[PDB]
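Now for the letters of each chain:
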Amino acid sequence: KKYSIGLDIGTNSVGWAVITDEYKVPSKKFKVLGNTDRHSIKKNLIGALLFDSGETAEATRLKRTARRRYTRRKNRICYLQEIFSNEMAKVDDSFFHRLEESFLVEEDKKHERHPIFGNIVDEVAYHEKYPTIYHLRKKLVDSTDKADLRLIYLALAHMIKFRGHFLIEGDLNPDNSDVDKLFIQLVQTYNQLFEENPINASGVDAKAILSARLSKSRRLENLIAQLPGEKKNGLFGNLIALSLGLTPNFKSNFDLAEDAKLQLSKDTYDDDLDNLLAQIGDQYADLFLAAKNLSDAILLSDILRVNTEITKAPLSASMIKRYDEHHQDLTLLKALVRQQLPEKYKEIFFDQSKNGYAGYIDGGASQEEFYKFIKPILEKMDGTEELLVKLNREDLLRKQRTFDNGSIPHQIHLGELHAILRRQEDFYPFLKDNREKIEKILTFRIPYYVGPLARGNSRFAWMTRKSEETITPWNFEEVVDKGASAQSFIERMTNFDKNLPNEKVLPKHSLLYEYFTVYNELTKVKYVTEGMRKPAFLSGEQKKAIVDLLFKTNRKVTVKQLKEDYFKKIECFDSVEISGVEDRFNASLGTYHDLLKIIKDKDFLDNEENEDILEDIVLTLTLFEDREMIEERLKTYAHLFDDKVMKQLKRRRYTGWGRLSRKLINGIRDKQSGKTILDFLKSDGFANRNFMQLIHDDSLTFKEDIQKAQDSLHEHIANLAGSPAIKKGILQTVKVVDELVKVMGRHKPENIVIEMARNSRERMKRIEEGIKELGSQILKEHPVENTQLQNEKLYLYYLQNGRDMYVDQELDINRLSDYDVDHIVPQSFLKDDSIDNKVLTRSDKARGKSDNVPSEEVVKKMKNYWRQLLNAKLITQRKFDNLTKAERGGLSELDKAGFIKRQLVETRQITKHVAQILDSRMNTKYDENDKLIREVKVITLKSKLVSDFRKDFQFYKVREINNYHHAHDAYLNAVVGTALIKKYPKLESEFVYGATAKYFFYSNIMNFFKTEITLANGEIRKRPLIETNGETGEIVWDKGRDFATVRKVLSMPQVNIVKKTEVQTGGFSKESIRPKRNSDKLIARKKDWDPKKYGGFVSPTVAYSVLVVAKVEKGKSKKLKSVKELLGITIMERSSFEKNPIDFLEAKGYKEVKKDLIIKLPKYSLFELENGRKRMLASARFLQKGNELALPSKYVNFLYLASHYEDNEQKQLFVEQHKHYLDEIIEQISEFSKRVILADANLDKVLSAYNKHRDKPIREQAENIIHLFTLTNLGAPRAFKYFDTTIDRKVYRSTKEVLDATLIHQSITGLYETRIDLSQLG
RNA sequence: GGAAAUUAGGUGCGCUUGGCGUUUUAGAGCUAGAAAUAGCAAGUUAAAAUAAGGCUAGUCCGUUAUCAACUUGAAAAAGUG
DNA sequence: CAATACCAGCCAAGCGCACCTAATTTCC
DNA sequence: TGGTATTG
Ligand SMILES: [K+]
Ligand SMILES: [K+]
Ligand SMILES: [K+]
Ligand SMILES: [K+]
Ligand SMILES: [K+]
Ligand SMILES: [K+]
Ligand SMILES: [K+]
Ligand SMILES: [K+]
Ligand SMILES: [K+]
Ligand SMILES: [K+]
Ligand SMILES: [Mg+2]
Ligand SMILES: [Mg+2]
Ligand SMILES: [Mg+2]
């Protein structure tokens, strides 16, 4: 028989259904394997496959990086100890052993328990002299006395183990001694430039304000308040913002047309400043130079809070300052709370459970939790003034190892390490020879373009070696081929030219590539004037004239420039009209002008003989990012340019790659003409063919040479784009189809209809940068937590700066419930309910008529406000374009036509691949003309088609009832998809893989299903009972016969819902290391670390369970007792268990294991017990509900309408008349629950909670009935609420009862089963 | 259906790094007590581990993808109603 | 044994390639 | 949601 397949692909489900030509779902009898008395079973061909979400590889990648870094940090300490090895032996032959075994208890230690000196009196004296490592670090930097070689190592090891970041390039030499002299010098250089209006320097404690422990924004406002007759946005105000590390805009200071934003820390500053200085004049050079000088002394003011005159260890001295002020303020807080609050002294300084100082030091209270807990206490008391001040600056009772230590650059640690090495160098000869070696251990960093230092056993590595020997931080340059590695790092990822697959694409900024883009757009421009009869192309001589006169003069060429600078002069046309380009050209010779600024030799860039060398330069500047390697590769061309040009050309760099190769655009040639593709773009007579025309024109050879130059299924899907979560459904969809084909006797279906379904940390950063760019005060006036931005109106409120944007007024946070959320494009036209199409106005009517885009008067009144929000990234350019669409004519007849086509035709590329994959598997033969025979039509639909169909014919959907809706959607997809194609065969082009009239057609396309149709024109249309194809006469829809088939299909209680059994993978257990306890549930973190002494991990993840049938020793006699039980194999144990299952189980305590009866039971293994009650294995000690509550169809659509409430009044009487359905639905739940759920207490608690709210409105009661299905849903028990009664989940921890039940093995469709009566074992 | 360019936004894969946290130990608690306890003192730091571990022994690899059952397969995938 | 209670590693930087969406121009 | 511990 003939049939079709309906498919519904989702991130966690795949619906499927088989239908016949009468739109019926066939029922069959399938063989039942196993050892039960059942030999077959009747099954309908409809169901859904359910599966856990497929995971992305990010978390696995982050963990693989953390593993590499812990291995290399250990190797750094190992490098340092190897250097210290011989000389440390002469001082203390077991010092490094005590450091290694410091974690062990004294019982397990092989050496004395005090690590540093090996005895107690020396150990106590050390901590008295150096309470923190920073005390020792500072002493070793400043003192000249010879120091103990052990203490030297401990200081150097602490700087190498925690070495600080690498975000700043170059050397750093902290020098804060001249902040005062640098500030006055800045105001001195300002006064020589602005002798008209100068600033007075005296009386300004510029050091204190600019080195204060406040924000860079706060320090700026304080300085300007000190300076009379100035402003934060004045020139000197923006200059100070620069020196402090902010990004102020100098555009308004100099009457500039573009922005002049500068930041001293960005590497573009040296060229941004030159861009600005060329705009405003060279006499302002010292002004920005002095701003740079003052910035160097206050650069690390937050990290170094001690003046660098006293010590060469400002970082350590700042940590000692933290310690001393902690000590002083701790003694004061104690004596204070002792005198004024003696009742609470126990809670603050002894209770670890509370967030006091005890929980701050010994408990789990963080610095923030400590401040929040104690701040009310300090206020109540007197004399806590300075401490409340120290608290609000986050500088009270501070530790030295804190979360905010990420500011410290590695140069700072290196400075103290270099100083220690410079002191003890004189006393220890080996520290002299290895001073650079030790410094290298701290500074060395594997470049990202090198990757893992592997030797042929890493699938991630690409590194190439010069010499086959071990790589260390000292021989890295000599052993690693950084050049070959930095090249492979890119060429392993770059695309090949699809036209010539053996060729790599050019760099996006290649000069040849931009000539191509310019000539490809230029060669299709047409111009017309008054005299000529018809618009003509530009000849070859005209295009070179335009490229030489305009494109090689200005960055971007406008038609305005084209009109007024070529035709107006060279042709003298006083009025010409241009065709093929609006406003301006898209292409541009950006690289040409870039190099022209660097070399100034315009003749050299125009000298065509330098084509190859100029391409090699752009390739080097794109291939590499290390400016040292760039210089080395540009050294072969160093003779052609002066040394200053080489210094500029080396810093300039590009990124990005094109889509075409050099050989395609300017290499291969036509046989007859001998011209390459670029040559045709320059001159093609009067045809002026472009790239697409050239490689498709049979007149020349390009089309053939491209055709001349021209993988598993699992591979093919994994290589697609899109989320790995949706990819999981694609592969399962294919596997589901393959089985259905085998079910139907290996006959292929007529049609396959497929359908595919459609944070706060990123939101808070967007708001933060958005307001800060605009400089508004709404964050200061209204501060929000990042989690609170999950409110749609409140998130919009901050995107709109707390201001209505359809009209010019402010908004109030307190009246959020009274505003409106109108969609820019009406939701009827476009199914876009994202932030890109939402808005927060006061009234939806203040938009104008909802027929179109917001009114032209609205756009004209709010145009400037929307461009401000764009430049603050608070709205996207598309959102701005849509809002401003009214000035561009708004929506048209063509615009409105394209929207409803997008509502029915799926255009997503990911959905096309699924259609391409299925079509490739089904249609494989060829006809007489070697054209593919299309046996199976693959139709693609969107959700709105079946969604409207459900809502038009009252085939309503309630997701919470059960999982049947996944399969029902697949059935309706096959029905609607096949009926639409059989009715309108002309639509196969638009629905099968491989203006006003179009709008009216698509908007009424589904009308053929109805009998009485009301149109927007007011026309009431009547259609016959049976529908047919006009040409063929074949019957398509029988409205008196085929609708009844749908309800018969949707009401079928037996549908095949299958949860995909999966072996669990991932982390072994939870990550938290628990303290020592006397339980044996803990897992050792190392082999010899018994958790009873050292603690360990809890909650291991079971990979899968195994049915174990054997004997166990019982009692002191060790008599063998037979057992049958369920053993959970953890992820950690899995490899050893599968290597030798008998020895693994025998080590667990099982003897004489029946090996042939071991059953691998992965998660979600299905069991049937009594009365069809089903359980699913959540683990070895946890069960999930295994039954689906098939609710009758009459209750489903009644639950829909009663919960949701034209003929809305007619459906209301149905709800009111059938108000008795509630006690029937409840009876349905109770009957189902008492049979399969077995939650007696939870059930009568719902029954009691139900009978309490019987006086509630029917709409309100119908909503909470939907919540009750959480009690009966498939899967894990979950807590739900009924009105205000919260009923907790009833869990199934006893897995004993499954060991005597029937194990059900299901195929992917669930049609093929193997049932095993486990009660027959043991 | 597809290509290149332009503008804007987003996802994926991979590499190189920073700072916390946690765990055990070290940092002599004192006095009065038989002792439980009571009173005071003290607290900020370090080492080491950070998936158990593996052989291929690398400054490498170890949490993604893929998996009903049976009969064959190293595996993918095939064969069976 | 079953019910009940509570628990779960986090934050941050830089670099590169590839791909998707939606709008425009020129084309196959 | 599945593990651990307490509770009962
Ligand atoms: K010992
Ligand atoms: K002022
Ligand atoms: K702690
Ligand atoms: K703490
Ligand atoms: K710490
Ligand atoms: K344009
Ligand atoms: K580059
Ligand atoms: K998983
Ligand atoms: K997996
Ligand atoms: K299965
Ligand atoms: Mg780290
Ligand atoms: Mg390790
Ligand atoms: Mg730490």
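Residues numbered from 1 in each chain as written, not as in the entry; some residues may be left out. Chains lettered and ligands numbered in written order. Heavy atoms only, no water. Residues with missing side-chain atoms left out of burial classes, pairs and counts.

Method of determination, as annotated in the archive: X-ray crystallography, at 2.700 Å resolution.

A. How the structure looks around the overall build of chain A. A count of helices and strands for chain A gives 55 helices and 29 strands. Based on the C-alpha atoms only, the size of chain A along its principal axes is roughly 115 × 100 × 70 Å. (Helix = DSSP H or I, 4+ residues; strand = E, 2+ residues; numbered from the N terminus.)

B. Local environment of the protein's contact with DNA strand C. Neighbouring residues of DNA strand C: 29 residues in total, closest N495, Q909, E1071, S1072 and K1290. Close to the protein, within 4 Å, the atoms of DNA strand C are drawn from sugar and phosphate at a rate of 90%. Between DNA strand C and the protein, one listed contact pairs a phosphate oxygen with a side-chain N or O atom of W657 at 2.9 Å. For the surface near DNA strand C, the secondary-structure elements that each account for two or more residues are α21 (482-491), β10 (657-661) and α32 (691-694). Across the surface near DNA strand C, the residue classes tally to eight nonpolar, 12 polar and nine charged. (Near = heavy atom within 4 Å. Polar contact = N/O pair within 3.5 Å; in protein donor to acceptor, adjacent residues only side chain to side chain. Nonpolar A, V, L, I, M, F, W, Y, C, P; charged D, E, K, R; others polar.)

C. How the structure looks around the environment of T1028. Relative to the elements of secondary structure, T1028 occurs in strand β17 (residues 1026-1028). Overall, the relative accessible area of 27% leaves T1028 in the partly exposed class. In sequence terms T1028 and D1038 are 10 residues apart; their C-alpha atoms lie 8.8 Å from each other. Discounting chain neighbours no more than four positions away, the residues touching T1028 are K983, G1033, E1034, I1035 and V1036. (Buried < 20%, exposed > 50% of the residue type's maximum accessible area, 1.4 Å probe, protein only. Contact = heavy atoms within 4.5 Å.)

D. How the structure looks around the sheet that holds strand β22 (residues 1159-1161). What the three strands build is an open sheet, ordered β21-β20-β22; its pairing is antiparallel. Looking along the sheet, the strands with just one partner apiece sit at the ends: β21 (1119-1130) and β22. The mean angle between the axes of side-by-side strands here comes to 30°, regardless of whether they run parallel or antiparallel. Of the pairings in the sheet, the one linking strand β20 (residues 1102-1114) to β22 comprises three bridges and is antiparallel in character. In the sheet register, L1107 faces β22, and the bridge partner there is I1159. (Pairing = 2+ DSSP bridges. Axes fitted to C-alpha atoms, helices over the stretch in contact; angles between N-to-C directions.)

E. Region of the structure containing the environment of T1285. Residue position: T1285 is located in strand β27 (residues 1285-1287). Sequence separation of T1285 and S1248 is 37 residues, and the distance between their C-alpha atoms is 9.9 Å. Leave out the neighbours within four places in its chain, and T1285 touches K1245, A1249 and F1280.

F. Region of interest: a nonpolar patch on the surface. On the surface, a cluster of nonpolar side chains totalling about 280 Å² of accessible area is made up of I120, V121 and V124. Tracing the chain through its elements places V121 in helix α3 (residues 120-129). (Patch = residues over 30% accessible without salt bridge, like charges linked within 9 Å, V, L, I, M, F, W, Y side chains within 5 Å. Areas by Shrake-Rupley, 256 points an atom, 1.4 Å probe, with all protein chains shown as cover. Salt bridge = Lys/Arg side-chain N within 4 Å of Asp/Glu carboxyl O.)

G. Examining the protein's contact with DNA strand D more closely. Surveying the vicinity of DNA strand D reveals 14 residues, the closest of which are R1077, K1163, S1179, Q1184 and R1289. In DNA strand D, the atoms that sit within 4 Å of the protein are 68% sugar and phosphate, with bases accounting for the remainder. In terms of residue class, the surface near DNA strand D is made up of five nonpolar, four polar and five charged.

H. The arrangement of the UniProt feature "active site" in chain A in detail. If you check UniProt for "active site", the listed places come out as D8 and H823 in our numbering. Along the chain, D8 falls in strand β1 (residues 4-9). Assessed through its relative accessible area of 8%, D8 is described here as buried. The exposure class of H823 is buried, given its relative accessible area of 8%. The residues contacting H823, other than those within four sequence positions of it, are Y806, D832, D833, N837, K838 and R847. (UniProt positions renumbered as here; feature names shortened; annotations may be inferred.)

I. Focus on the pattern of salt bridges. Across all of its chains, the model carries 73 salt bridges by this definition. A salt bridge links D271 to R651, with the nearest nitrogen and oxygen atoms 3.0 Å apart. Placement of the pair is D271 in helix α10 (residues 269-280) and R651 in helix α29 (residues 643-651), with a sequence separation of 380 residues. A salt bridge links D919 to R934; the nearest nitrogen and oxygen atoms lie 3.1 Å apart. In this pair, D919 sits in helix α42 (residues 909-922) while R934 sits in the loop between α42 and β14 (937-941), placing the two residues 15 residues apart along the sequence. What makes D919 buried here is its relative accessible area of 3%. What makes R934 partly exposed here is its relative accessible area of 32%. Through salt bridges with shared partners, a single ionic network connects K544, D548, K552, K602 and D606.

J. Broad picture of unusual backbone geometry. In this model, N801 sits at a positive phi of 60°, which is unusual for a non-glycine residue. With respect to the secondary-structure elements, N801 resides in the loop between α38 (792-799) and β12 (803-804). Judged by relative accessible area, which is 24%, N801 ranks as partly exposed. Within the chain, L1238 stands out as a residue other than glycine whose phi angle is a positive 60°. Locating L1238 in the fold gives a position in the loop between α53 (1221-1237) and α54 (1240-1252). On the accessibility criterion, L1238 (36% relative accessible area) is partly exposed.

K. Quick peek at the pairing of strand β29 (residues 1313-1317). Along β29, the buried face is formed by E1313, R1315 and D1317; none of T1314 and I1316, which line the opposite face, is buried. Here strand β3 (residues 27-34) runs beside β29; their pairing, made up of three bridges, is parallel. Looking at β29, one finds that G34 is bridged to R1315. With five bridges connecting them, strand β28 (residues 1302-1306) and β29 associate as antiparallel partners. Residue pairing across strands places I1304 opposite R1315, the latter belonging to β29. Between β28 and β29, which pair antiparallel and follow one another directly, the connecting turn spans six residues, one of which, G1310, has a positive phi of 70°.

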